[PDB]
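Asks: Pasting the sequence and an experimental structure:
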Amino acid sequence: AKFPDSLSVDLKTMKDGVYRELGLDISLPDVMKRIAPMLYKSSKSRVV
Amino acid sequence: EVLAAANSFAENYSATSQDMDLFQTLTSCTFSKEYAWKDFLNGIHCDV
């Protein structure tokens, strides 16, 4: 991590924000394990 | 005034998982054996 101390706060924000937009909670392992993390910013950095 | 208050409350309402569960509780089946009249009437056909 880069800012280790804020990790717990970031986790709680992830828990509540996705809950706000969509009813599913990420505390359930099935969703957070793979289904939800698809919405992440990749680092491939395509050059066109 | 009731209509205006309803509009004001609904325009700034955020969905909640527990609220979704309670709305489904309203929508779900009943403790008494009920005949599904909605799909019966939707799927019925009458011929002269």
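Replies: Arrived safely, thanks for sending. Numbering: from 1, shown residues only, chains lettered A, B, ... in the order given.
Asks: now residue B:21, what's its secondary structure?
Replies: Secondary structure state of residue B:21, per DSSP: H, G, I helix; E, B strand; the rest coil, is helix.
Asks: Which residues of chain A lie near chain B?
Replies: A:19-20, A:23, A:25 (CB under 8 Å from any CB of the partner chain). Placement of C-beta: from N, CA and C, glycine included.
Asks: what would these look like in CSV with neighbour count and secondary structure?
Replies: Compiled in CSV, the residues of chain A next to chain B are given as follows (neighbours: other CB atoms under 10 Å in any protein chain shown; DSSP: H, G, I helix; E, B strand; the rest coil):
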residue, neighbour count, secondary structure
A:19, 16, helix
A:20, 11, helix
A:23, 14, coil
A:25, 14, coil
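Asks: what's the farthest-apart pair in those?
Replies: Greatest spatial distance in those: A:20 and A:25, 10.9 Å, computed using CB to CB.
Asks: OK, contacts around residue B:14?
Replies: residue A:20 (CB atoms under 8 Å, 6 or more residues apart in numbering or on different chains).
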